[PDB]
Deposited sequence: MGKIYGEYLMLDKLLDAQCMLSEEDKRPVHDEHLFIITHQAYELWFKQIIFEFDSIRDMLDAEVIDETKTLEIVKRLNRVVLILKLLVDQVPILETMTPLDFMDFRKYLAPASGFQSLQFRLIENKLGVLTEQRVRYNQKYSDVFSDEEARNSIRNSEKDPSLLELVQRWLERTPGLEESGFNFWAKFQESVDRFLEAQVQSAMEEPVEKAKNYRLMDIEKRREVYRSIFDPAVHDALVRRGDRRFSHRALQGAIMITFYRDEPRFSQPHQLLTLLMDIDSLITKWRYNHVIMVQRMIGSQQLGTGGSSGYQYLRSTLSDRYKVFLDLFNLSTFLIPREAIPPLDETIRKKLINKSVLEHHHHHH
């Protein structure tokens, strides 16, 4: 009912135990170390709570405009929380390496993941397991149950406009590309400067390779096997269609949903980068007790594209054609 009881502050504010104080050698900054991590864990619980509710709203055949608005609200809220978590790094960087060295003896390393909740966030978003008892159950369920990556793909596959009997976007798009590149060739052929004519013709050939990568499903499949793409061919067609008509009321919220998924992915990378810089400022690439630089090198490897979930969304503008060449909406 009242503030302190409602928020269970007697339990929350009783979870801070400084081991350097227990051992009669107190390091003042150990309190900061505990609070910073606990604030991260409170916000990780919030992100998991948001992610699970979004996963449940996406696990349905019909996703209406009303539910789409609520998914956008929750994804945007996760973006704000992640921005706040990135800003928590300079607060811990205020602790000197020598002060950290005076209490790191009371800390034990991890045999698997560092944080249970951080791993649950990674798995629920769609971070690849191959591209790397209640707690074991949580990890198993996060690996077996559909991730946001998979659920977003199912939603994109059912994008209205892709059906052959209806708007038939994909065929109209290949048709428009052919006419657009034909017009570019004719315009390039009339270039008075020979150098500019040759450059434009080579550039039109680069566009042809780009369109082959999406219009030939076998080329798309090879990129998925290679790890360059993750989306199914139909999820990519839906995602491309959404970027083309983002100005249209019917596609603005679906587009904002995709934009926010990219923002979340990008903010997780920014957290990883800020964390690895803080780690290096505290203990360098290796220190006494670390057994070499394997911990630091592992953190650096998490900065690769193998860890980005919605890599496909970042490249969508490669396939764009100008407004005048885009197939006009019928309905």
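Numbered from the first deposited residue, the unresolved ranges run 1-2, 135-147, 347-365.
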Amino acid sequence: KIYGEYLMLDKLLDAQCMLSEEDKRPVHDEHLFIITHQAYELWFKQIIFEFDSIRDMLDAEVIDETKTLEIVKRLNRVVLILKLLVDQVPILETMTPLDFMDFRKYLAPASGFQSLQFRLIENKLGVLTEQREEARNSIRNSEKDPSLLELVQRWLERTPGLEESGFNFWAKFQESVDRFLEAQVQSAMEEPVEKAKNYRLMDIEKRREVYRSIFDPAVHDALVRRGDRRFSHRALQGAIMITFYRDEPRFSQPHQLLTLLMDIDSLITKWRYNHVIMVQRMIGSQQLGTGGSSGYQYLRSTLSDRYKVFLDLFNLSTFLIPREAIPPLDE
From here on, numbers count along this sequence of modelled residues.
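In this text, rigid core is short for the largest set of C-alphas that superpose within 1.5 Å between two forms.
Taken in 4 other deposited structures of this protein and fitted on the core, 159-167 and 134-142 differ in how far their Cα atoms move from the shown form, and the one that moves more is 134-142.
The higher RMS C-alpha distance to the shown form in 4 other deposited structures of this protein, out of 190-198 and 238-246, belongs to 190-198, with every structure fitted on the core. The deposited model assigns a higher average Cα B-factor to 104-112 than to the other stretch when 104-112 and 144-152 are compared.
The PDB entry reports B-factors from which the mean C-alpha value can be compared for 213-221 and 123-131; the larger average falls on 123-131. Ranking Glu194, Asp87, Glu93, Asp99 by the C-alpha B-factor listed in the PDB entry places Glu194 at the top. Residues shown: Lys73, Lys83, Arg226, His255. Highest C-alpha temperature factor in the entry: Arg226. Split the chain's modelled residues into thirds by C-alpha temperature factor. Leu299 is in the middle one.
Among all modelled residues in this chain, the alpha-carbon of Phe310 has a temperature factor (C-alpha) in the middle third. Split the chain's modelled residues into thirds by C-alpha temperature factor. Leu32 is in the lowest one. Residue-level temperature factors show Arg179 in the middle third of its chain, judged at the C-alpha atom. In the deposited entry, the Cα temperature factor of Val78 places it in the lowest third of its chain's modelled residues.
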